[PDB]
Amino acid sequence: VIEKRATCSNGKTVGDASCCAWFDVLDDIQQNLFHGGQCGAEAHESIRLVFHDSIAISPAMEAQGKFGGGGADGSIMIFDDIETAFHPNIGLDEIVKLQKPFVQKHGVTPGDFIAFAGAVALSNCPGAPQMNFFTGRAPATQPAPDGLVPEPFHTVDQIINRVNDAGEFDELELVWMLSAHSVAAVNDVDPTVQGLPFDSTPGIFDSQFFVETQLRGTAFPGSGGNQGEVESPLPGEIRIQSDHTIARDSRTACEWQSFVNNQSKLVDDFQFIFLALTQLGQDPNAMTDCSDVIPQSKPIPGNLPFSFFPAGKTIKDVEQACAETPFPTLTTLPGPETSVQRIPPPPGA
């Protein structure tokens, strides 16, 4: 791909002149999709959308003579009436419908738009890696088949096999991509309440997800026994069965614990695996690097430690599963155990 370094009308230099148009997309989605550049519900939904668009690719199926999906091809938006009805994709038609208009107005491909919005969404969350953005995804011509996006009730072996088929990702990289549950909430698992976060800092890209999933689960935050849900350690926080089990499985437990108190490994690994997800089904050497359009991510504000135990929790509440290295001794925030506030989603989530 021949790139032509250029200075856009806003005065910024980018690696290719074709990237300049994405500055108008950026300003539009920041004000009109993310309410002023927030790391709130639409940002969270947009990050989730990247994975549900991209992981739907299967070389194993292609080897059996069946279409296995095009990976990061924007199919979930183009064929939203089909894909968003798949149970793993529950609640994603809401964000697809909020995103659709931007695609049509700016004339960008659906796949490139999903990857762009995911990167911009993450750049709005303090602590996020400096995110990449490559263009070049042609519109999907066929919807993905079902059975490709992991469910919260799937076993660890099923999920490991699924991501290995999809992109040759190993079990370590499976843990890295689950860092996105550090900026995320659950709207459709518990039918009585929407917006329960996976960690106590859903607006901060940090390792609280990895700390808090390792604590002993003691209660359900809303109703009990929903499929794919297990007890969590804090009021207001939800824990799903897949994350609970991957944190405790001997193949992935030490990599899961490796992010605790290690911000630079969290940022580097997630930067890497997020980019890889957005290139599934594509030829990296045929894409254009428009990463200079993505805003600079901001640091976490304040002076609290990077990782900590939430108030009322100590090392005694950790279910140690990594046999090679002891869970780190973190500080405990002072005061009484406090509930995690929910993140109400837009209508239809």
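When you see a residue number, it is the position in the sequence shown, counting from 1.
Taking the PDB entry as given, 74-82 carries the higher mean Cα B factor of the two stretches 74-82 and 109-117. Note on 175-183 vs 275-283: mean CA B-factor is higher in 275-283.
The top Cα temperature factor in the record, among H44, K298, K313, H52, falls on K298. In the deposited coordinates, the residue among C290, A63, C39, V318 with the greatest CA B-factor is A63.
In this PDB entry, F308 carries a Cα temperature factor that places it within the lowest third of its chain's modelled residues.
Per the PDB record, residue ranking by Cα B-factor puts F102 in the highest third of the chain. The deposited CA B-factor of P150 belongs to the middle third of values across its chain. Annotation for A140: CA B-factor lies in the highest third of the chain's modelled residues. Among the modelled residues of its chain, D199 has a C-alpha B-factor that falls in the lowest third according to the deposited record.
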